[PDB]
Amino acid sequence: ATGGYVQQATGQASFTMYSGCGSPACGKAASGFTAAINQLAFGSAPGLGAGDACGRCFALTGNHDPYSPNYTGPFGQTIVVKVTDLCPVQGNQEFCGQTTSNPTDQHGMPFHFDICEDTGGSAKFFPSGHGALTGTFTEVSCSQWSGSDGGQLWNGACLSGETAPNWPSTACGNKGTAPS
């Protein structure tokens, strides 16, 4: 996409959970299930505002625990999240570290969704004892997402992806150039 960000409506991802999603990188939280997406897909860098992932809705399905590879299941439910947040590329950390020159994480996954625990998404998705998974995602209409957006936390906050057709398309827009 614009800026060299890797923004595909479907693909393979790693999945984790996190706490404290009330002041996320898009600048609005939401009451439904939400996630952070890896920087290369988010469409912005820390401190640069919303990227084009903001507000888009995705169905997530976990189907492998790479940390317990002999575990056959069961996995969780398929859930629909709204992206409100950024999982940034960080040093000494493989998760979310996808870049334009090296587009996969330690599991070979080109995307990451960090599912917020606060509002219930991670409890639907991760079996007890299996809090990091790999699997698939597909962008869906936000008609498939229960929830209400929170208020703007700063000028420029954006979840406009929530009414956009699936990628390829532009709503909030990407900021600058993707990490190399």
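Start at 1 with the first residue shown and count on from there.
J.: Going by the mean C-alpha B-factor recorded in the entry, which is higher: 77-85 or 100-108?
T.: It is 100-108 that shows the higher mean C-alpha B-factor.
J.: On average, are the C-alpha B-factors higher in 50-58 or in 150-158?
T.: Higher mean C-alpha B-factor in the PDB entry: 150-158.
J.: Out of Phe42, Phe125, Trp145, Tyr67, which shows the largest CA B-factor listed in the entry?
T.: Highest C-alpha B-factor among the listed residues goes to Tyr67.
J.: Looking at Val140, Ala132, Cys26, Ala36, which has the biggest Cα B factor in the entry?
T.: Of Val140, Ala132, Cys26, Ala36, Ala132 has the highest C-alpha B-factor.
J.: Sorting the chain's CA B-factors, does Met17 end up in the lowest, middle or highest third?
T.: Its C-alpha B-factor belongs to the middle third of this chain's values.
J.: Thinking about Cα B factors across the chain, which third does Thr163 belong to?
T.: Top third by C-alpha B-factor.
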